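Only one chain is shown below, in structure tokens, and it's the form deposited in one PDB entry.
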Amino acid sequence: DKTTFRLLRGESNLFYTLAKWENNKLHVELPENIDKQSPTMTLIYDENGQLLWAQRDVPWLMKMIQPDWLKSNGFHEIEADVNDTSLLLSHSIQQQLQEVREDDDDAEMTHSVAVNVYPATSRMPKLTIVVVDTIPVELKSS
């Protein structure tokens, strides 16, 4: 909750820091195995809500992010089913998800989402960074 919020807001900063504008475009300089260094998903939008960069293409995830949310700092929650939650990681969370599947394969998983607004800068346009924790809330205890 509070530690989730802080660690998610902290990952937003890492990506902001590592982001650059070259060739009239946004690029992020990330270590080789970023996906594996953290169980998070990041998206980066402009002041008008247009996607500029996605750690990956995640349809269900992109329809959950209400444009409204991009105009202010916030902590939200989105929902996915076990099947989508598992593609977010596609390692041992997989066994746990199978266990959720054994009792209810239509089970809903809740994911925390941090929205961070960055006012434009001399070397950086106004930007909105969105960070989604990929470990559902129902599996945190483990």
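In this text, the rigid core denotes the largest set of C-alpha atoms whose superposition between the two forms falls within 1.5 Å. The numbering used is simple: start at 1 and walk along the sequence shown. Shifts are known only where both forms have a C-alpha.
Missing deposited residues between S90 and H91: 1 to 3, all without coordinates in the entry. For the segment pair 95-103 and 110-118, the entry gives 95-103 the higher mean B-factor, averaged over Cα atoms.
Higher average CA B factor: 44-52, of the stretches 77-85 and 44-52. Per the PDB entry, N23 shows the highest C-alpha temperature factor of the residues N13, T128, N23, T134.
There is another form of the same protein, the form deposited in another entry; it is not shown, and what comes next is about it.
Only one candidate in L26, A54, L30, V117 has its Cα displaced by 2 Å or more between this form and the one not shown after core superposition: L30. Taking the core as fixed, the parts between this form and the one not shown where three or more residues in a row have CA shifts of 2 Å or more are 22-24, 29-31, 33-36, 87-90.
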